[PDB]
Amino acid sequence: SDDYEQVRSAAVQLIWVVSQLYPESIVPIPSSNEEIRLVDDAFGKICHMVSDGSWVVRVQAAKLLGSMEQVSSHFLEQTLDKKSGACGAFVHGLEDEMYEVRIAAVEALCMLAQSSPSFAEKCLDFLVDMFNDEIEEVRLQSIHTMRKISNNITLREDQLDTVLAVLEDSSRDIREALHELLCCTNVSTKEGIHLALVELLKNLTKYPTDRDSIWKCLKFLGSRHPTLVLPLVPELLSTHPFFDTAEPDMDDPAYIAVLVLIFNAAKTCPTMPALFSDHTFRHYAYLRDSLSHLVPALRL
Amino acid sequence: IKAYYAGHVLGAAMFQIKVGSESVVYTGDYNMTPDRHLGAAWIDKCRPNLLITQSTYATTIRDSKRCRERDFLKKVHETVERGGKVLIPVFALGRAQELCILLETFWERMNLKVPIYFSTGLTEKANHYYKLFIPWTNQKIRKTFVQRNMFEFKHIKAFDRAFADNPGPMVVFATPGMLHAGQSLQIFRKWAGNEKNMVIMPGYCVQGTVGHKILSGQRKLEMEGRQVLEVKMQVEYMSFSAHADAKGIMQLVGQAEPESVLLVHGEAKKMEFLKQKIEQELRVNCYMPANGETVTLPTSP
Amino acid sequence: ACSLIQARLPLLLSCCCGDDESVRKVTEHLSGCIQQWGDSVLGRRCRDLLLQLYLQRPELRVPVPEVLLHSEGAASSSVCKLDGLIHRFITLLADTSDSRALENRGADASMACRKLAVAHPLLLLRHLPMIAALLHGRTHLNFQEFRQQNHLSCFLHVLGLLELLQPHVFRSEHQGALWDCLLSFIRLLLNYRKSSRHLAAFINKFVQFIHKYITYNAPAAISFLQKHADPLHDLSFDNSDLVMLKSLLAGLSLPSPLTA
Amino acid sequence: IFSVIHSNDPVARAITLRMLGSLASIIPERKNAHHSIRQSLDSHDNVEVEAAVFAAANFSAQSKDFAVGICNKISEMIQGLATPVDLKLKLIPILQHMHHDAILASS
Amino acid sequence: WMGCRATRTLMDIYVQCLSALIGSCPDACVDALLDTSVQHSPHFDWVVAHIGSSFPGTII
Ligand SMILES: [Zn+2]
């Protein structure tokens, strides 16, 4: 409660240190006759510091909040609910004017979600809403953290709709980061897979030098989601029910990436070899020889 | 006197009044949660003898920012899904910018123009004032105004015509807020429908006829040749006014750390609860003055 | 590996041409062979060949013999020519949104899949992950539009197909997609707990299916229940008016109205 | 030149394949030509198959990717019992152009 | 009877007691249970039914 930001910053650093040194020790509340672990009390004190007037103290508070993982589950859940003075700590710490505190909060959410998958489920919507933030480094860090917590989660329909509606990226670094995120991502809806295919082909026709990383991207995307690609397979191959369709241009990168996706999905899915057309089998035999690092061996 | 940052509207300020050791801080109106175009209020450890705060919202936190925007856009999509029109009124200088940009970004998906019925001269003046006073705006805009001009809205309409047009998805932004008089009441009195005539109130509507009855059914009114509405017709009072809630007020009081607190710009039922909360929590005196009541405090200079 | 039978199958398929009098006779011969041998290597290869032939000639008049009850070849790399059509009407029935013009086609697809489950459960069993994945797109949606869009029709159809597919749906190989379907059901139970009385028929069907599941294969059902015991307990606390919900939860005591 | 590979006339296709084999030095790693060779190798017209063998020889001499992509197919045609002995003789010299990589040469 | 928390509590106590007996010597607990079932017949025997539900073999 000092009137100088440096004292508060050093004090929150020291309180983080002492909480990490004695987490399970019991500290009594002055007014209430409640026995509380020291780490939870320090969690509350640091959470209160995320509302500090100075932004450097807020950055420090968010970083140390990330660094602690011995806190109880309900205390972890409290910082995301609207309404132990730790209520809405990350909510206020994720929508500040300063971008640096937002980056610190994003990284803190990454560490906390990696420690707690149950926390990650709650953090999914908050972190994917952050993708709309228009500071470049903020969105790169959000991409990296989302990729980091990807193993413990699976995206929802509306959250995926949200991230897709603001997925229009221009620069190379953000695009490559999105490609890696989509390599590691987990989704629950095939409509999101369709929208991802649409955006990736737009980014295929828009950026030729992105072809490599989008081919690899779709190679990893289908290997993970074979079940969601199976309805979308006749949606994409343009297989007419009762007509032999024209043989698509084997040099068209968009089409070649649609086959890469559908063949990486087919690896896990017996039912995919059935819905292949004749030219689909012909094209498969070629890209298995020519692009064996993208196309996997199948059981036709 | 010293002016601080309030965050209510562009140029809103908290005015400290320091003479000798005695000092009084008047926050006027403020918002401790930053908007999409305005920052959060801040004041140093002034520790004054008295701190006069607004209390129009002594209610709990209004479910963050993303949830409110999501609910507002979901209601807008529900109203326009059946082809209904929307008739939100606003003062055209406060939360109008945030609602405008939010609805524009929502319309990036379908890309159909939305009519802004605040006067084209007034709209141009608002854009110009917001671009001349970039330092008063958010760091979000202060860092990204060079890259792009967010105030350059691609959707706008002039005035009377599209209001009496066919029942489409058009959402009107009336020039006078609070539904007290003007274009807002003129449009509202001529509009009805289940999906159409969606009236979303971001303001507070302190005592003006028609507008104030958001907590009521909004189907009674008091006027000559009054109309009736239906349940599907939006009478939702979205919490989009740039006012600090109870958590924000406690945050401000703890931030300033005053010797005493005084409450204005609110309702008595909310203000008595806020006073009880302040006295029970921070062990600091609070006051409940009525119009014409004189509140006197002692000083120890 | 089993790929040799797959590689020699086109020769057999070409030789048999399209006469069912030869396919039926060789299926009968294979059935007699496996009855003589059983689980031995010769009998196992005979079962694999019979399964491949049935998959590539699903017009057999002896579908799912007693031998194919134990067969785990549904997950194997064998191919069947019904995959395209079952995929077709699985998506024709999947979309049960506010577009009510498709309701008649959804009902036709549902009753046809019911007939298929009655007749050829094994063929529909290989496509179980497809319908399991298709259920994930409706649970997270809000209660109001879920009621309005009648998306519960697809869930009820899938649950009825599950009820018709048992005990074949309770085999060890078809467990991931079964768990996914049940997870989707309990998820939509949790989400729409404000007013769950509209799901009365769905709740009764779900309770009956879980009863049959814990009866046919108790350890698998117990493992699934332990996997998601906390969501079920939370549903029971929030929705305490569902007596069958609590009664089903009381069925863990074992080791881990209709009349004419 | 390449537009004639789509003709239904197998003689025209054979002449086009022979031209592509003759032009192999200025168009290696041309994917459409590679796919044309691969598709004409399993043709049912003997003149087209011979032209595809000649073009495959030239393109394996020129480009490494075609060689690695074709070595398995050439192997399966040579060892395939349905291939006549004369076509087997015609196919074996393709393997002399598998020197682009140590593992390819060993195979 | 689980509406009354005491009964559930006692059955939990019996899970602990029967596990302890299984650890040491599970012989006389079933004999005492049957003796009480005979003496306190027929109203207490639902406990024996639940116990048999937990352990089908020995109890049946
Ligand atoms: Zn004001």
# chains A, B, ... in the order shown; residues from 1 in each chain; ligands from 1

call {"tool": "residues_near_ligand", "arguments": {"ligand": "ligand 1", "cutoff": "9 Å", "atoms": "only C-alpha atoms and all ligand atoms", "output": "PyMOL selection string"}}
result
chain B and resi 8-9+12+28-30+94+241-243+265

call {"tool": "write_last_selection", "arguments": {"atoms": "C-alpha atoms", "output": "compact mmCIF listing (two decimals), in the first residue's frame"}}
result
# COMPACT_ATOMS: atom_id res chain seq x y z
CA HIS B 8 -16.72 9.08 -19.13
CA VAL B 9 -16.59 10.95 -22.44
CA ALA B 12 -14.32 14.34 -19.03
CA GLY B 28 -18.22 14.38 -11.97
CA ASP B 29 -18.85 11.28 -14.06
CA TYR B 30 -16.27 8.59 -14.70
CA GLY B 94 -20.52 9.50 -25.78
CA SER B 241 -23.22 3.94 -20.58
CA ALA B 242 -19.68 4.90 -19.57
CA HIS B 243 -20.33 4.87 -15.83
CA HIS B 265 -25.49 11.92 -9.50

call {"tool": "interface_residues", "arguments": {"of": "chain C", "to": "chain B", "cutoff": "12 Å", "atoms": "only C-alpha atoms", "output": "PyMOL selection string"}}
result
chain C and resi 142+144-145

call {"tool": "write_last_selection", "arguments": {"atoms": "C-alpha atoms", "output": "compact mmCIF listing (two decimals), in the first residue's frame"}}
result
# COMPACT_ATOMS: atom_id res chain seq x y z
CA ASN C 142 -28.17 -21.63 -26.36
CA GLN C 144 -33.82 -20.95 -26.81
CA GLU C 145 -32.65 -21.46 -30.38

call {"tool": "interface_residues", "arguments": {"of": "chain A", "to": "chain B", "cutoff": "8 Å", "atoms": "only C-alpha atoms", "output": "PyMOL selection string"}}
result
chain A and resi 3+53+82-83+91-92+95-98+129+134-135+165

call {"tool": "interface_residues", "arguments": {"of": "chain D", "to": "chain A", "cutoff": "8 Å", "atoms": "only C-alpha atoms", "output": "NGL selection string"}}
result
:D and (31-32 or 35 or 38 or 65-66 or 68-70)

call {"tool": "select_by_dssp", "arguments": {"residues": "range 183-253 of chain B", "states": "alpha helix (DSSP H)", "output": "ChimeraX atom specification"}}
result
/B:183-189,246-253

call {"tool": "residues_around", "arguments": {"residues": "range 166-170 of chain B", "least_positions_apart": "4", "cutoff": "8 Å", "atoms": "only C-alpha atoms", "output": "list in words"}}
result
residues 79, 80, 81, 83, 84, 85, 86, 113, 114, 115, 162 and 196 of chain B

call {"tool": "residues_around", "arguments": {"residues": "residue 122 in chain B", "least_positions_apart": "6", "cutoff": "10 Å", "atoms": "only C-alpha atoms", "output": "PyMOL selection string"}}
result
chain B and resi 92-93+128+175

call {"tool": "write_last_selection", "arguments": {"atoms": "N, CA and C atoms", "output": "CSV table (one decimal), in the first residue's frame"}}
result
chain,number,residue,atom,x,y,z
B,92,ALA,N,-24.9,11.0,-29.4
B,92,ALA,CA,-24.0,11.0,-30.6
B,92,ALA,C,-22.6,11.4,-30.3
B,93,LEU,N,-22.2,11.6,-29.0
B,93,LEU,CA,-20.9,12.0,-28.7
B,93,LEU,C,-20.2,11.1,-27.6
B,128,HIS,N,-14.0,14.6,-36.4
B,128,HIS,CA,-12.9,15.6,-36.3
B,128,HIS,C,-12.5,15.9,-34.9
B,175,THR,N,-30.3,11.0,-33.3
B,175,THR,CA,-29.4,12.2,-32.8
B,175,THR,C,-29.7,12.5,-31.4

call {"tool": "residues_around", "arguments": {"residues": "residue 1 in chain B", "least_positions_apart": "5", "cutoff": "8 Å", "atoms": "only C-alpha atoms", "output": "ChimeraX atom specification"}}
result
/B:15-18

call {"tool": "residues_around", "arguments": {"residues": "residue 55 in chain D", "least_positions_apart": "5", "cutoff": "8 Å", "atoms": "only C-alpha atoms", "output": "PyMOL selection string"}}
result
chain D and resi 17-18+20-22+24+37

call {"tool": "write_last_selection", "arguments": {"atoms": "N, CA, C and O atoms", "output": "PDB file, in the first residue's frame"}}
result
ATOM      1  N   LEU D  17       4.719 -37.653 -76.191  1.00  0.00           N
ATOM      2  CA  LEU D  17       5.605 -38.191 -75.163  1.00  0.00           C
ATOM      3  C   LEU D  17       7.047 -38.237 -75.643  1.00  0.00           C
ATOM      4  O   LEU D  17       7.972 -37.931 -74.883  1.00  0.00           O
ATOM      5  N   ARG D  18       7.258 -38.631 -76.900  1.00  0.00           N
ATOM      6  CA  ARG D  18       8.607 -38.649 -77.453  1.00  0.00           C
ATOM      7  C   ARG D  18       9.188 -37.246 -77.561  1.00  0.00           C
ATOM      8  O   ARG D  18      10.386 -37.051 -77.329  1.00  0.00           O
ATOM      9  N   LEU D  20       8.383 -34.728 -75.543  1.00  0.00           N
ATOM     10  CA  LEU D  20       8.685 -34.321 -74.173  1.00  0.00           C
ATOM     11  C   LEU D  20       9.972 -34.969 -73.686  1.00  0.00           C
ATOM     12  O   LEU D  20      10.765 -34.335 -72.981  1.00  0.00           O
ATOM     13  N   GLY D  21      10.182 -36.238 -74.035  1.00  0.00           N
ATOM     14  CA  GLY D  21      11.458 -36.875 -73.758  1.00  0.00           C
ATOM     15  C   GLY D  21      12.618 -36.198 -74.464  1.00  0.00           C
ATOM     16  O   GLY D  21      13.709 -36.077 -73.909  1.00  0.00           O
ATOM     17  N   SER D  22      12.392 -35.731 -75.694  1.00  0.00           N
ATOM     18  CA  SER D  22      13.439 -35.016 -76.414  1.00  0.00           C
ATOM     19  C   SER D  22      13.704 -33.639 -75.821  1.00  0.00           C
ATOM     20  O   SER D  22      14.830 -33.137 -75.905  1.00  0.00           O
ATOM     21  N   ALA D  24      13.491 -32.955 -72.610  1.00  0.00           N
ATOM     22  CA  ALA D  24      13.652 -33.154 -71.170  1.00  0.00           C
ATOM     23  C   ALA D  24      14.717 -32.251 -70.559  1.00  0.00           C
ATOM     24  O   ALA D  24      14.629 -31.912 -69.374  1.00  0.00           O
ATOM     25  N   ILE D  37       3.846 -38.800 -68.143  1.00  0.00           N
ATOM     26  CA  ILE D  37       4.652 -40.014 -68.297  1.00  0.00           C
ATOM     27  C   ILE D  37       4.080 -41.130 -67.434  1.00  0.00           C
ATOM     28  O   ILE D  37       3.929 -42.273 -67.884  1.00  0.00           O
TER      29      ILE D  37
END

call {"tool": "residues_around", "arguments": {"residues": "range 55-67 of chain C", "least_positions_apart": "6", "cutoff": "12 Å", "atoms": "only C-alpha atoms", "output": "ChimeraX atom specification"}}
result
/A:270-271,274 /C:6,9-10,12-14,16-28,30-39,43-44,46-49,73-74,76-83,116-126,168

call {"tool": "write_last_selection", "arguments": {"atoms": "C-alpha atoms", "output": "PDB file, in the first residue's frame"}}
result
ATOM      1  CA  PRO A 270     -11.339 -46.558 -43.644  1.00  0.00           C
ATOM      2  CA  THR A 271     -14.509 -44.837 -44.909  1.00  0.00           C
ATOM      3  CA  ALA A 274     -14.534 -45.412 -50.477  1.00  0.00           C
TER       4      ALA A 274
ATOM      5  CA  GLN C   6      -7.137 -57.434 -49.258  1.00  0.00           C
ATOM      6  CA  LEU C   9      -9.781 -59.916 -52.891  1.00  0.00           C
ATOM      7  CA  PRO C  10     -10.052 -58.086 -56.307  1.00  0.00           C
ATOM      8  CA  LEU C  12     -11.923 -63.157 -56.049  1.00  0.00           C
ATOM      9  CA  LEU C  13     -14.340 -60.268 -56.637  1.00  0.00           C
ATOM     10  CA  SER C  14     -13.666 -60.371 -60.385  1.00  0.00           C
ATOM     11  CA  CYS C  16     -17.364 -64.161 -58.625  1.00  0.00           C
ATOM     12  CA  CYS C  17     -18.667 -61.571 -61.178  1.00  0.00           C
ATOM     13  CA  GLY C  18     -22.114 -60.466 -59.946  1.00  0.00           C
ATOM     14  CA  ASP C  19     -23.870 -63.787 -59.413  1.00  0.00           C
ATOM     15  CA  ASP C  20     -25.162 -64.072 -55.853  1.00  0.00           C
ATOM     16  CA  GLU C  21     -25.470 -67.866 -56.219  1.00  0.00           C
ATOM     17  CA  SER C  22     -21.664 -68.112 -55.959  1.00  0.00           C
ATOM     18  CA  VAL C  23     -21.135 -65.423 -53.308  1.00  0.00           C
ATOM     19  CA  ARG C  24     -23.807 -67.006 -51.095  1.00  0.00           C
ATOM     20  CA  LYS C  25     -22.273 -70.461 -51.556  1.00  0.00           C
ATOM     21  CA  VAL C  26     -18.741 -69.331 -50.710  1.00  0.00           C
ATOM     22  CA  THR C  27     -20.027 -67.387 -47.670  1.00  0.00           C
ATOM     23  CA  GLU C  28     -21.751 -70.577 -46.495  1.00  0.00           C
ATOM     24  CA  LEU C  30     -16.561 -69.927 -45.027  1.00  0.00           C
ATOM     25  CA  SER C  31     -19.185 -70.057 -42.256  1.00  0.00           C
ATOM     26  CA  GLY C  32     -18.900 -73.842 -42.078  1.00  0.00           C
ATOM     27  CA  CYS C  33     -15.105 -73.563 -42.070  1.00  0.00           C
ATOM     28  CA  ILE C  34     -14.983 -71.095 -39.165  1.00  0.00           C
ATOM     29  CA  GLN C  35     -17.523 -73.221 -37.278  1.00  0.00           C
ATOM     30  CA  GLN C  36     -15.139 -76.161 -37.705  1.00  0.00           C
ATOM     31  CA  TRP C  37     -12.055 -74.123 -36.692  1.00  0.00           C
ATOM     32  CA  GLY C  38     -13.076 -71.065 -34.656  1.00  0.00           C
ATOM     33  CA  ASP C  39     -10.420 -68.723 -33.271  1.00  0.00           C
ATOM     34  CA  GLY C  43     -10.396 -69.810 -38.780  1.00  0.00           C
ATOM     35  CA  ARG C  44      -9.336 -66.216 -38.106  1.00  0.00           C
ATOM     36  CA  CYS C  46     -11.450 -67.343 -42.884  1.00  0.00           C
ATOM     37  CA  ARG C  47     -13.345 -64.824 -40.740  1.00  0.00           C
ATOM     38  CA  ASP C  48     -11.305 -61.942 -42.189  1.00  0.00           C
ATOM     39  CA  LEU C  49     -12.009 -63.127 -45.745  1.00  0.00           C
ATOM     40  CA  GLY C  73     -12.479 -56.209 -38.195  1.00  0.00           C
ATOM     41  CA  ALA C  74     -14.748 -53.151 -38.281  1.00  0.00           C
ATOM     42  CA  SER C  76      -9.555 -52.996 -39.924  1.00  0.00           C
ATOM     43  CA  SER C  77      -8.532 -51.553 -43.298  1.00  0.00           C
ATOM     44  CA  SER C  78     -11.313 -53.365 -45.181  1.00  0.00           C
ATOM     45  CA  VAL C  79     -13.472 -51.277 -47.523  1.00  0.00           C
ATOM     46  CA  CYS C  80     -17.216 -51.391 -48.179  1.00  0.00           C
ATOM     47  CA  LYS C  81     -19.220 -49.872 -51.013  1.00  0.00           C
ATOM     48  CA  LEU C  82     -22.043 -48.644 -48.740  1.00  0.00           C
ATOM     49  CA  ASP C  83     -19.835 -45.916 -47.225  1.00  0.00           C
ATOM     50  CA  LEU C 116     -30.081 -50.541 -41.581  1.00  0.00           C
ATOM     51  CA  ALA C 117     -29.213 -50.973 -37.890  1.00  0.00           C
ATOM     52  CA  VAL C 118     -31.817 -53.748 -37.732  1.00  0.00           C
ATOM     53  CA  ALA C 119     -30.394 -55.401 -40.873  1.00  0.00           C
ATOM     54  CA  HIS C 120     -26.702 -54.405 -41.212  1.00  0.00           C
ATOM     55  CA  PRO C 121     -25.481 -53.083 -37.829  1.00  0.00           C
ATOM     56  CA  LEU C 122     -21.822 -53.792 -38.662  1.00  0.00           C
ATOM     57  CA  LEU C 123     -21.809 -51.542 -41.744  1.00  0.00           C
ATOM     58  CA  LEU C 124     -23.313 -48.654 -39.766  1.00  0.00           C
ATOM     59  CA  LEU C 125     -20.916 -49.390 -36.882  1.00  0.00           C
ATOM     60  CA  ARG C 126     -17.871 -48.439 -38.967  1.00  0.00           C
ATOM     61  CA  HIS C 168     -23.183 -54.511 -31.289  1.00  0.00           C
TER      62      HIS C 168
END

call {"tool": "interface_residues", "arguments": {"of": "chain C", "to": "chain E", "cutoff": "9 Å", "atoms": "only C-alpha atoms", "output": "PyMOL selection string"}}
result
chain C and resi 252-255

call {"tool": "atom_distance", "arguments": {"atom1": "CA of residue 254 in chain B", "atom2": "CA of residue 52 in chain A"}}
result
10.3 Å
